[PDB]
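Here the structure comes first, spelled out in C-alpha cells, and everything after it is commentary.
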RNA sequence: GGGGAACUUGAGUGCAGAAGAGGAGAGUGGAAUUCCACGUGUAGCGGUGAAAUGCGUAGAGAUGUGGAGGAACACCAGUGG
C-alpha cells in the first residue's frame, strides 16, 4: 500500500504505537512490552525509540510512505517518535497533540495520599 | 415620657437607567468516560516504590464508524459577579 496514519499513545506506563490506514484500519503496531521492556522501563524515551522502529518495519512490509502522527496522552515518547520515524525514512506530515480533553466529564479518582 | 401642629436629611414610594453563575420550572445541545454492534488488526495490554491479582487466542489493548445511557457542565475564570 501507499498511505496511512500513525497513532501514538504515550501514557505514564506505555508507549503504544499503531500504524493504521488514513480511514482507520490497522497495519502494524508495537510497544515496550512488545519488545521486552518488562518493568517500569516502558515510559523511557529509549523504549519509544525502539518500539516505533519495529512497527515501522511492518510499514516497509506494506510499502506505505506517508504518515500523519497523532500524539495522545502525557508521557515522554512524543519526541521519540519524531526522532525515530523521521529517521525511519517515512514521511511525517502532520503532528497533532490530540489528547481527549474532557470538558468536565466524570469525576477523577482520589489523590494518592488521602 | 404624653398630647397638638410644622420641616425633610433617616427610612420608604414614583420616575429614568445600569449590572448580574440570585431562585423555581419544562425543554435543548457539545466534547469525554464506559458499555455494546462491527470492520481493521496481533500478544499481550493493565498497573506500581517494585510487582502481582485482575483482562486476553473465546481475539483484549490501540484504532474506524454506528448505538444506548447517565452524570459532570472545559475554554471564558479574575482577592471577578
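Read-outs: derived from the displayed coordinates by stated rules, not from any lab. Cβ: placed from backbone, ideal geometry, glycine included. Neighbour counts: every protein chain shown.
Taken together, the residues in segment A:7-32 that are under 15 Å from residue A:56 (Cβ atoms), touching a helix residue (DSSP H, G or I) at 6+ places or on another chain (Cβ under 8 Å) and surrounded by fewer than 21 Cβ atoms within 10 Å (Cβ to Cβ) amount to 4.
The residues listed here are A:59, A:76; of these, the one that is outside any loop (DSSP other than H, G, I, E, B), surrounded by 14 or more Cβ atoms within 10 Å (Cβ to Cβ) and touching a residue at least 40 places away in the same chain (Cβ under 8 Å) is A:59. In segment A:98-114, the residues that are assigned to a loop (DSSP other than H, G, I, E, B) form Cβ pairs under 8 Å with partners that are within 6 Å of RNA strand B (Cβ to nearest atom), at six or more places apart or across chains, as follows: A:98/A:72; A:99/A:72; A:100/A:72.
One residue stands out in segment A:33-43 among those that are surrounded by 17 or more Cβ atoms within 10 Å (Cβ to Cβ) and more than 7 Å from RNA strand B (Cβ to nearest atom): the one that is nearest to the chain's Cα centre (by Cα), namely A:43.
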